[PDB]
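FYI, the numbering just counts along the sequence from 1. Only this structure's heavy atoms are used, side chains among them; waters, hydrogens and symmetry mates stay out. Counting starts at 1 for both ligands and their atoms, in listed order.
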Amino acid sequence: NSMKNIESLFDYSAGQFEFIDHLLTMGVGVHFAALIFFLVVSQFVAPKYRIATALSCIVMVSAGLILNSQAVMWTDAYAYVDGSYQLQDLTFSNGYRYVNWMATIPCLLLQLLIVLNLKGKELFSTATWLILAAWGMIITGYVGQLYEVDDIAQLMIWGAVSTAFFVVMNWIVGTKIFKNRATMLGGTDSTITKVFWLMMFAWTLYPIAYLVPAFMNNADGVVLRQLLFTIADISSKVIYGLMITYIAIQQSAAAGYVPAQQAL
Ligand SMILES: CCCCCCCC/C=C\CCCCCCCC(=O)OC[C@H](O)CO
Ligand SMILES: *C\C=C(C)/C=C/C=C(C)/C=C/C1=C(C)CCCC1(C)C
Ligand SMILES: CCCCCCCC/C=C\CCCCCCCC(=O)O
Ligand SMILES: CCCCCCCC/C=C\CCCCCCCC(=O)O
Ligand SMILES: CCCCCCCC/C=C\CCCCCCCC(=O)O
């Protein structure tokens, strides 16, 4: 699975290799630091919204474990030899991120629907269509990147199919947001609209990283891709969760939850 990604094609300078290692290890710290924050403020969230901050804790740990796994895989697969880090064993691939996404994306979408105050039949219904659309996106994306070394054309076609799911997914999300933001309390009807645009921006970096093999097929393309993943993860998981948490607390406060009012 590692021979199919471009990381296996190149030697890396100390500077490139340590920059990638430092990017992944920093990602671990950030996520686990935000995990403590999400855990602490959960007591300031009304029971109605408390599951949202819990889902952020699930995302933080899910991401932190795969980023930590990826950093160690990175240092195991390569060895500094003759002035460059060269592939030693085949134990590093990007496929594990696509596993992180399969798991984190349903959680990220669920926390959004919860603060939108959807409930019951509509919650279960809307969540099912989003998670299926999203899994189709991720799965077709994972098939495509198996060809980023061998068959770029296939990468593209699987990229096109994956993007179809992405567009439909965002159309559902946007439609539910704009049709339900009047139900939101404390002025969060204004904040949720920004969350949506944060989503659009953060999530669009992933397909850009996905296409790096096609327009920068070299060792700096590998560094660049990890940098895009790092900006994307922090924005779609950390900042977004903070955005979701702030909305949860605000609506809790507007709903008469005392611990939420005292915290604010
Ligand atoms: C590569 C081939 C396939 C590529 C095709 C690309 C087409 C993209 C079209 C629109 C943007 C999609 C994003 C949709 C953003 C959410 C839509 C929305 O804002 O919802 C509207 C709602 O009806 C208001 O109440
Ligand atoms: C970690 C959180 C999230 C929301 C991950 C999001 C991933 C995507 C939006 C991926 C999209 C893809 C597209 C649209 C087509 C290329 C293949 C991808 C799966 C990378
Ligand atoms: C394809 C996988 C299955 C798809 C179904 C996804 C699961 C969604 C099911 C239930 C919605 C979760 C809501 C949890 C309760 C929170 C409600 C609340 O406290 O206000
Ligand atoms: C067990 C977790 C995975 C859940 C799968 C169910 C979700 C369905 C999502 C979209 C189906 C797309 C399947 C197309 C795969 C073709 C790739 C191939 O066969 O080589
Ligand atoms: C992930 C973004 C989704 C959109 C993908 C772009 C759609 C295809 C665009 C142009 C087709 C160009 C096909 C060139 C194939 C030859 C390249 C090669 O095989 O080496």
Side-chain angles (χ1 to χ4, degrees), residues 1 3-6 9 58-59 62 66 93-110 112-113 115-118 122 124-184 188-218 221-222 224-226 228-229 231-232 235-236 240 243:
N1 223 270
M3 53 162 61
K4 310 168 180 301
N5 294 162
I6 60 170
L9 300 172
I58 288 169
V59 173
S62 172
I66 276 163
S93 68
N94 294 283
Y96 306 98
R97 288 180 175 271
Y98 290 73
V99 168
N100 178 69
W101 301 343
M102 287 287 290
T104 54
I105 284 184
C107 294
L108 298 167
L109 296 167
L110 225 341
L112 174 64
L113 304 189
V115 293
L116 267 175
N117 304 281
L118 304 188
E122 190 179 358
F124 171 83
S125 176
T126 300
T128 304
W129 289 112
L130 284 171
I131 292 167
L132 293 172
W135 281 350
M137 181 189 64
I138 302 165
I139 290 167
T140 53
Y142 170 83
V143 176
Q145 62 91 44
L146 294 175
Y147 301 87
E148 70 179 45
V149 173
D150 294 319
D151 199 357
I152 287 296
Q154 260 203 66
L155 179 98
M156 303 294 234
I157 304 314
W158 290 106
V161 175
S162 175
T163 292
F165 289 94
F166 186 46
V167 170
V168 172
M169 188 193 73
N170 296 333
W171 168 79
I172 296 174
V173 163
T175 294
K176 292 300 178 188
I177 286 173
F178 294 117
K179 287 182 119 136
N180 287 280
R181 62 164 165 175
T183 76
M184 309 199 62
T188 56
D189 65 297
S190 158
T191 318
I192 202 71
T193 301
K194 288 83 177 191
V195 175
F196 177 65
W197 292 105
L198 180 68
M199 290 184 51
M200 298 295 88
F201 166 73
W203 293 41
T204 301
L205 300 177
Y206 292 101
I208 293 167
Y210 172 91
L211 288 173
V212 168
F215 65 92
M216 200 182 307
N217 196 343
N218 56 71
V222 164
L224 177 56
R225 170 149 77 180
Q226 291 302 311
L228 296 178
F229 283 153
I231 298 167
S235 306
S236 71
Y240 169 89
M243 285 288 261

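Put simply, atom 22 (C) of ligand 1 has protein non-hydrogen atoms near it, under 4.0 Å away. Protein heavy atoms are absent from the 4.0 Å sphere centred on atom 11 (C) of ligand 1.
The heavy-atom pair separating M184 from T188 by the smallest distance is CB-OG1, 3.2 Å.
When side chains are defined from C-beta on, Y210 counts as touching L155, because their heavy atoms get closer than 4.5 Å. For the pair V149/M3, no side-chain contact is recorded, criterion being any heavy-atom separation below 4.5 Å from C-beta on. Looking at heavy atoms from C-beta onward, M137 lies in side-chain contact with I105 at the 4.5 angstrom threshold. Residues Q145 and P213 are not in side-chain contact: their nearest non-hydrogen atoms beyond the backbone lie 4.5 Å or more apart. Using a 4.5 Å cut-off on side-chain heavy atoms (C-beta onward), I6 and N217 make contact. For the pair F178 and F196, the minimum side-chain heavy-atom distance is below 4.5 Å. Looking only at side-chain heavy atoms (C-beta outward), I177 and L112 come within less than 4.5 Å of each other.
Summarising the contacts of atom 16 (C) of ligand 1 with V168, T204, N170, the nearest heavy atom is found in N170.
Nearest non-hydrogen protein atom to atom 19 (O) of ligand 1 is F178 CE1, 4.0 Å. In this structure, the protein non-hydrogen atom closest to atom 20 (O) of ligand 1 is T175 OG1, 3.8 Å. Nearest to atom 17 (C) of ligand 1 among the protein's heavy atoms is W171 CA, 4.0 Å. Residue, atom and distance of the protein heavy atom nearest to atom 9 (C) of ligand 1 are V167 CG1, 4.4 Å. Taking atom 18 (C) of ligand 1 as the reference point, the nearest protein heavy-atom neighbour is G174 CA, 4.5 Å. Atom 1 (C) of ligand 1 has as its closest protein heavy atom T163 CG2, 4.3 Å.
Atom numbering of ligand 4 starts at 1 in the shown order; those under 4.0 Å from a heavy atom of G136 are 9 (C), 10 (C). Taking every heavy atom of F196 and a limit of under 4.0 angstrom, the matching atoms of ligand 1 come to 16 (C). The atoms of ligand 4 that sit less than 4.0 Å from any heavy atom of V143 are 17 (C).
Using a 30° and 60° split on the angle between ring planes, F166 and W203 fall in the parallel class, below 30°.
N100 places no side-chain N or O within donor-acceptor distance of the main-chain N or O of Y98, the cut-off being under 3.5 Å. Formation of a donor-acceptor pair under 3.5 Å by the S235 side chain with backbone atoms of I231 is found in this model.
Protein residues with a heavy atom closer than 4.0 Å to ligand 5 are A153, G159, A160, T163, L211, listed by chain and number.
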Inset, instruction - Check step by step if side chain to side chain contact (heavy atoms under 4.5 Å, CB included) holds for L146 and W158. - result: CA-CA 10 Å; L146 294 175; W158 290 106; over 6 Å; no

